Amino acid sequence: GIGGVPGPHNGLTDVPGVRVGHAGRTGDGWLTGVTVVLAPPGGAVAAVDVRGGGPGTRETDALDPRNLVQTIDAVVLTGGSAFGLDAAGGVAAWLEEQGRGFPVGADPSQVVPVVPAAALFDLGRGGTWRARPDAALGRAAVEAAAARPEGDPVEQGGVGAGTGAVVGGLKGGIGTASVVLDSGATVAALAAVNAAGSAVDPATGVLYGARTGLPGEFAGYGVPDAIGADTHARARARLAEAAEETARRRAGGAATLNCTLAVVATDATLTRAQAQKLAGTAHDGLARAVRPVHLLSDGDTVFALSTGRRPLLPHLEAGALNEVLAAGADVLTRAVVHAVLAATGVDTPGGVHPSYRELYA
């Protein structure tokens, strides 16, 4: 069997034709950005599962299986909470210029791009409250995506929508992971991890998601299998210190708004309803990596994409879809772990957030 191994770069672009672009702003009061997932020409079948709603979603109704539009070209993940939805307008503008969207005239230039977006809360984490992504930053992200070749490695860590992301007080960020199925199809995820809950078991210091990893995939990051009690005691103290200092700097504790945004993708052909099921099932992967999740205040959103390049079968259909559904959860769990490990700490007038590796590696 050829399955159970990561794709070439262990990331979202291992789904052929998918491109990812980041644009960010750091320094001078800023710590935010935008990540765009760009489908190949012709678009991708897309669905969404939102748990905890807005503030900060756009065009989610368009992704209902009953609706007219059958594919989309781009999903926008952004900082800036509801304000950052402004980034999506810049992406829609770019798509129009490219002639990419729902056709609304005999002239191929006349199109309406359906651009779903979800935003995470990172306000003030650079120091300046009104420092949020705008249309220009959104445009920059999709232009960055378009400039990449197929199968290009995805940058992880404090980039794009992950720039200002924080998970349980630790620095969060962008992470990605993939897996090849025995059928040869690839399933992959990209996550911007900004959760209220913890990626770390408070009893041990072990990352919750680590036991879902594929053999050896995290070895390059350099964290021991066994974490010493003294190391974990020290890490907990440092995190508590950072949290108290952050609360002082923000003139108030920890954000009431938090979340994880994600895109799961595959080249296996899915109907919209099957993609909607995949988006829903991928939330399980988040639960296995972070605890607690899906709180009242947590705006967790997963988009699912199919490029429709491989038939599900190269109850047999159910079995094939179950493989994709199970992989969808696992790649999201793994992407969250990668985000946490890829992050480097920050220290700004808007927050002090050390990374996992700064505490445990």
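The numbering used is simple: start at 1 and walk along the sequence shown.
A chain break between residue 314 and residue 315 is present, corresponding to 10 or more residues of the deposited sequence without coordinates. When the two stretches 324 to 332 and 291 to 299 are set side by side, the higher mean Cα temperature factor goes to 291 to 299. Two stretches are in play, 56 to 64 and 305 to 313, and the higher mean C-alpha B-factor belongs to 305 to 313.
When the C-alpha B-factors of 48, 37, 31, 69 are ranked from the entry, the top spot goes to 69. In this entry, the residue among 157, 113, 149, 116 with the greatest C-alpha B factor is 149.
Residue 274: CA B factor in the middle third of modelled residues in this chain (values from the PDB entry). Residue 174 sits in the lowest third of its chain by CA B factor, as recorded in the PDB entry.
Placement of the Cα temperature factor of residue 266 within the chain: lowest third of the modelled residues, per the deposited record. Residue 216 sits in the highest third of its chain by CA B factor, as recorded in the PDB entry. Among the modelled residues of the chain, residue 17 sits in the highest third by CA temperature factor in this PDB entry.
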